[PDB]
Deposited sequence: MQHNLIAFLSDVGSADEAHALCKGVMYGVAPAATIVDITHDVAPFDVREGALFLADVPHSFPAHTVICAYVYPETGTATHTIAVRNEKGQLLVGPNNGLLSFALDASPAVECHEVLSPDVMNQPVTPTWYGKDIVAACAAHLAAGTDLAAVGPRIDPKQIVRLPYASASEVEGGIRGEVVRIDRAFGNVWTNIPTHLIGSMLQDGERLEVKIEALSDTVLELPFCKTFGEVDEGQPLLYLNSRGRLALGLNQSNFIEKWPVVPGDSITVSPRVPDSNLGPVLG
């Protein structure tokens, strides 16, 4: 089934031609397709960061999307590329190394195949650039309407490598930092908490108001809020939270009355 929108993520950066050569390959295979970057600024080899960036992609993108993603330090080894159709009807192509984990949490795999057929690859395949020659190439063939079954053998969904994700029990942790603004996102869902005391940084205790948005406190002041989808977040109104309280992903966050 034609999937005319390719959404593209990698760790190769956008500061040289690498990411663009992949687009060249994709436009060659699927001249009817639109290519849009998710980002190419995933930290090098950081599969978990890439996985986090993909989490909300299935929901925000239409059904005719191919999610093409690679953070692939295992390029040229036995770790295969996989192609997946999800419950929304979107297609996903990436290394079977955990990268697609959180995107699949959002919309589960319905059918999954290993990408082994030379006919969906850019030949000759260079061992160090499976990202271009297998992931990007296959994504474009699928965008063009190639049968998922033609990419290679079917595998069971459990054969898709998944990254563990910690759940809040209220004790949670920092999942990621929105580096543009310095806002801190936790794994604490809306329902578990429904001024509060927040414990982090030599047992830092902050008394923070729970707000709907940034502007409900004065400029530079800290706030708690529920972020763009259902998770507790910390920020400063028009300032950078991690410049005041330098927390990293994995650090514990406890919220109590």
- Note on the structure: In deposited-sequence numbering, the unmodelled segments run 170-174, 200-206, 213-214, 272-283
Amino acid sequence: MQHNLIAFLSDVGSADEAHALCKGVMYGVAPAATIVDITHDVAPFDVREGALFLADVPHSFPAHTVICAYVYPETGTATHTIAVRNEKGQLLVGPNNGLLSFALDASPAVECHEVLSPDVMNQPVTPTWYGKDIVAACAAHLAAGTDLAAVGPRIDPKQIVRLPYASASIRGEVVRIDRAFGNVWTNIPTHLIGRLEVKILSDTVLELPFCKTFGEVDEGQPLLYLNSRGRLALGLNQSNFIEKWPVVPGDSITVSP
From here on, numbers count along this sequence of modelled residues.
- No coordinates for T34 in a third or more of the other PDB entries: no
- Message: Does at least a third of the other compared PDB entries (those resolving both flanking residues) leave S202 without coordinates?
- Response: yes
- Note on the structure: Of 42-50 vs 185-193, the stretch with the larger average CA B-factor in the entry is 185-193
- Message: Tell me which stretch, 98-106 or 150-158, has the higher mean Cα B-factor listed in the entry.
- Response: 150-158
- If you compare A166, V93, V120, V125, which has the highest Cα B-factor in the entry? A166
- Message: Using only the C-alpha B-factors in the record, can you name which of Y70, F210, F214, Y27 has the highest?
- Response: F210
- Task: State the tercile, meaning the lowest, middle or highest third, of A15 with respect to the CA B-factors recorded for its chain.
- Result: middle
- Chain thirds by Cα B factor, record data; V57 belongs to the lowest
- Task: Would you mind checking where the Cα B-factor of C138 ranks among the modelled residues of its chain, as the lowest, middle or highest third?
- Result: lowest
- Message: Split into thirds by Cα B-factor across the chain's modelled residues, where does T65 land: lowest, middle or highest?
- Response: lowest
- Once the chain's modelled residues are ordered by C-alpha B factor and cut into thirds, is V174 in the lowest, middle or highest one? highest
